[PDB]
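> Before I ask anything, let me first share the structure, which is written out below as structure tokens.
There are 2 protein chains.
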Amino acid sequence: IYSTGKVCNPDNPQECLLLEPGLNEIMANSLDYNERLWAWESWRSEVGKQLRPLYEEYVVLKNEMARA
Amino acid sequence: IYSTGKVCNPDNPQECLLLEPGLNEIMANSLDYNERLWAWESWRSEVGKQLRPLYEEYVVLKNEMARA
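So the sequence lines, in the order shown, correspond to chains A and B. First residue of the first sequence? That's 126 in the UniProt record's numbering, and the numbers climb one at a time after it. First residue of the second sequence? That's 126 in the UniProt record's numbering, and the numbers climb one at a time after it.
So, in structure tokens, the structure goes:
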């Protein structure tokens, strides 16, 4: 989900950006407030939700591996 | 929008299908009712909305070209 998840433009939904090219070069180069807030939030929300459920399950398990 | 618009799976949103490979081979080969209803509706809705506004504008214009 981290390496292949992408984020699509709201006004042109056919151009979707992966994180490592395109979305990292927005946050490292842009000086526009609205373009930086878009990337952030978007990527955030999406990957967020995903890693969420999985993360919870993972936390629950990795504790059983450590307590044993 | 027609040639580059894609449709993503609901349970795995990282696999997205274009129309000409993948989405045409669902409707031509599958015998599953729920997989055929998914493709249809999805593609439909998306391309639908897009071509919608543009289509209206286009209809409005092409009439001025024909009346002149």
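Note that CB positions come from ideal geometry on N, CA and C, so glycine has one too.
Is the Cβ-Cβ distance between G173(A) and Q139(B) less than 8 Å?
no
> Would you list, in sequence order, the uninterrupted alpha helix (DSSP H) runs of no fewer than 4 residues that lie entirely inside the segment 136 to 170 of chain B?
Qualifying alpha helix (DSSP H) stretches, in chain order: 149 to 154.
> Going by C-alpha distance, which of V132(B), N188(B), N137(B) is nearest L144(B)?
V132(B)
> Would you kindly work out how many angstroms separate the C-alpha atoms of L162(A) and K187(B), rounded to a whole number?
40 Å
> Straight-line CA distance for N137(A) to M190(B)?
28 Å
> Skipping 5 residues on each side, what residues in its chain have a beta carbon closer than 8 Å to that of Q175(A)?
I126, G130
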